[PDB]
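In the authors' numbering, each residue carries its 1-based index in the sequence shown increased by 168. A virtual CB, placed ideally from N, CA and C, is assigned to each residue, including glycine.
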Amino acid sequence: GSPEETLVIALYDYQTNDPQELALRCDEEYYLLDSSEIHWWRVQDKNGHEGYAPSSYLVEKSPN
């Protein structure tokens, strides 16, 4: 239960200022890709949209 990839939940509706960031929705979650880093958490939407996301305005969801 640690494929180096989990899901997160956006506490607040964070918007993207460029293809670099990923638009987040309140209550919604995304696919965590690069969690090892620390500067910025990389997330991916089920639509194939990825971008840097603030790990601060969100929390880990873990599998199951």
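Open item on the list: With a threshold of 6 angstroms on Cβ separation, who are the neighbours of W208 within its own chain once the five nearest residues in sequence on each side are excluded?
Closed with: By one-based count along the sequence shown, residue 208 stands at place 40. Correct list, in chain order: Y220.
- [ ] Going by DSSP, name the residue or residues bridged to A221.
- [x] Position 53 of the sequence shown, counted from the start, is the residue given in the question as residue 221. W209.
- [ ] For the beta strand (DSSP E) holding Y198, just list the boundary residues, first then last.
- [x] Taking the first residue of the sequence shown as 1, we reach residue 198 at position 30. Residues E197 to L200.
- [ ] Taking only the alpha-carbon atoms, compute the straight-line gap between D213 and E172 and give it to the nearest angstrom.
- [x] Counting from one through the sequence shown, the residue named residue 213 turns up at place 45. Counting from one through the sequence shown, the residue named residue 172 turns up at place 4. Per the coordinates, the alpha-carbon of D213 lies some 17 angstroms from the alpha-carbon of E172.
TODO: Using the Cα positions of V227 and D181, report the straight-line distance between them to the nearest angstrom.
DONE: One-based indexing of the sequence shown puts residue 227 at position 59. One-based indexing of the sequence shown puts residue 181 at position 13. Going from the Cα of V227 to the Cα of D181 covers about 13 angstroms.
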